[PDB]
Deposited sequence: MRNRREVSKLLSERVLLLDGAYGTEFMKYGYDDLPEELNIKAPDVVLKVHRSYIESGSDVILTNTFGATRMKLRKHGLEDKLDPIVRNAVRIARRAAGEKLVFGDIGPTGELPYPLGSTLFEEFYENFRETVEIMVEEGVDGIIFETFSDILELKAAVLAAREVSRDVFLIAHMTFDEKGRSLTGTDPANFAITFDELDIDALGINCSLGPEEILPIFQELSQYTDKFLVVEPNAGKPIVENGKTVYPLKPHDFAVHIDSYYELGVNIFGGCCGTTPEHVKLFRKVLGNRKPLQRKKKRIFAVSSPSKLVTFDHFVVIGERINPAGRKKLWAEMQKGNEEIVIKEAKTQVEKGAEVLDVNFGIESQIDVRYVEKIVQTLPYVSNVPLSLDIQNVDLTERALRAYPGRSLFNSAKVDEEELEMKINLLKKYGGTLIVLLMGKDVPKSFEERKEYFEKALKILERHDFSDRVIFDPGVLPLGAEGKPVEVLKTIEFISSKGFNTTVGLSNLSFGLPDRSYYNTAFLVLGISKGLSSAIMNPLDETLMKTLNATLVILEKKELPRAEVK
């Protein structure tokens, strides 16, 4: 069993060849059973197929365990056979492989995350954890999550795997349709940006499409990650012959694409549905011995939900309204667990032009940890947009970052060591970006004092390798309370000039009659100084219409 350092070393030296399909091979041998059941019922057939790929030149084979998790096996009455199904698979693959690499293969459960299905993050996590435990015990050289269709389920899988073993090489794949989107709406850039920063070793694509159609999708993925890359196309577009779906792309037509994947930085090439030992033999000849190509990723500041990637290259409206402060009806409905009221609020803000939603749960001691976990997982699917997680308890913060389906914005660390460190460390583990609020030991009054917090923040962020994952909040103070908003505008201009995104808690300025007018005037002024987002009320039609006018006037849209 090789660890991820050894596998990464090997990959850095040469492009490796994976294996082909298993189901279609088993069928040609007269076995139409659920593939995973053959590990118990006909281990000889599984061994023969592995050996046919080893003899065809594969450097890596996948264990016969695509469907071997409790949640998937339960659908076939096999839940109680998880342990022997998986141990047998690994032993059988190791027997075939000798010195070649054996990767534990895990596919998705077929269950959609709540609220599309019934399953919460923690249930998927435990499901994947149990299979990974068996595989690591049995001595796999790596774990590959093949054919995932949803980012929250894949996030659970990779986090569970890494929890079991910090040492195992981990590969995460999504499968994309012809429009370049997963089942729940994720495009390759979103997949790459969300997963590049998790502690996986490689990203990749398999299934759904043939080698030609995967090319531009793979290219997009390759542009946004510097990690190892893997591809396993189906053997062309499926056709039906005598009422069965067949993947008819022949070895040469398939193999001729290898150079194009090599040019995009591929590290491991194999095949999915319809790929046979004949294909792999040719791939072995065509690939040969190649050192992988170097690439440099494109870097952007973006946050995501399953279906939406929001890049801060334009003014971002962050809806403030899911926040029960001074909202008696929302507060009461949150305390009891009303989800529908939160969903309606989320959807209305989006309808009015919010691109990200801030989500805050008032007095957090009064709120059900499970309600939080539920709403966090739910809103990105139903409202379509990413969230700004506005959470104070470090503990609830962890639960929310875990269950968050995409790459979130995390609403706020002040410039304080203990606080920045805990929050940077959670975001490093679970993914995400951070709003850094420019205050600490005291609330600053002047531009100069804010500048000092900015530079102090930059120091801390540089030392934690986190400078590229922050937006700064200069700290809007109430007008009535000597807020000195000119000092905030000066700060916006300054940070903006340094290349960093900014945001404000806009409504805090006018905490007054005619607040809509103070908020509107400040936002216009802030945008003219470079303000790149704001946490604000999208239901304020004066504010939103004057915002649109401002962007039009300034040639931003």
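Within the chain's deposited sequence, the coordinate-free stretches run 512, 559-566 in sequence order.
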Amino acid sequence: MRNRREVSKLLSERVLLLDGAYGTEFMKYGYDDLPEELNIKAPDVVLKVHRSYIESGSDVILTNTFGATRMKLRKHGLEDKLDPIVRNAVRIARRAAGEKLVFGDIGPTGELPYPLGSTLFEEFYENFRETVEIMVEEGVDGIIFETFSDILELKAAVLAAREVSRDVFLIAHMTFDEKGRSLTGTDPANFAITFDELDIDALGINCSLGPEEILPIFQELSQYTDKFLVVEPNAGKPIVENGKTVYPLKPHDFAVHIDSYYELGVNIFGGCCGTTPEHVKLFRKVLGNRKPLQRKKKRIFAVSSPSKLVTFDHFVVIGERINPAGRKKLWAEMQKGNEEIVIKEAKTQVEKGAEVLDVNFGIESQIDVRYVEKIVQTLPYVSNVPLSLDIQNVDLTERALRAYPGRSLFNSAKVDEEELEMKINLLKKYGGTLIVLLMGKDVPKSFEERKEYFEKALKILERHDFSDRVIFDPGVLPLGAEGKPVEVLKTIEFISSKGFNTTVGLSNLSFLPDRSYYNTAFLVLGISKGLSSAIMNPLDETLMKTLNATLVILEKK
From here on, numbers count along this sequence of modelled residues.
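In this text, the rigid core denotes the largest set of C-alpha atoms whose superposition between the two forms falls within 1.5 Å.
The stretch that strays farther, by root mean square C-alpha distance over structures and residues in 7 other deposited structures of this protein after a rigid core fit, is 238-246, when 238-246 is set against 201-209. For the pair 435-443 and 146-154, greater average C-alpha departure from the shown form in 7 other deposited structures of this protein after core alignment is found in 435-443.
Here the stretch with the larger average CA B-factor, out of 384-392 and 472-480, is 472-480. Looking at mean Cα B-factors across 364-372 and 252-260, the upper value is held by 364-372. When the Cα B-factors of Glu153, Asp80, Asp199, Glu126 are read from the PDB record, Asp80 comes out highest. Reading the B-factor column for the CA atoms of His279, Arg463, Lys428, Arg162 in the entry, the top value corresponds to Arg463.
Per-chain ranking of the deposited C-alpha B factor places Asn537 in the middle third. For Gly271, the recorded CA B-factor ranks within the lowest third of the chain. Only modelled residues enter the ranking. Remark: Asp177 belongs to the middle third of its chain, ranked by C-alpha B-factor as recorded. In this PDB entry, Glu25 carries a Cα temperature factor that places it within the middle third of its chain's modelled residues.
In this PDB entry, the Cα temperature factor of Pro108 sits in the bottom third of its chain's modelled residues, the lowest group.
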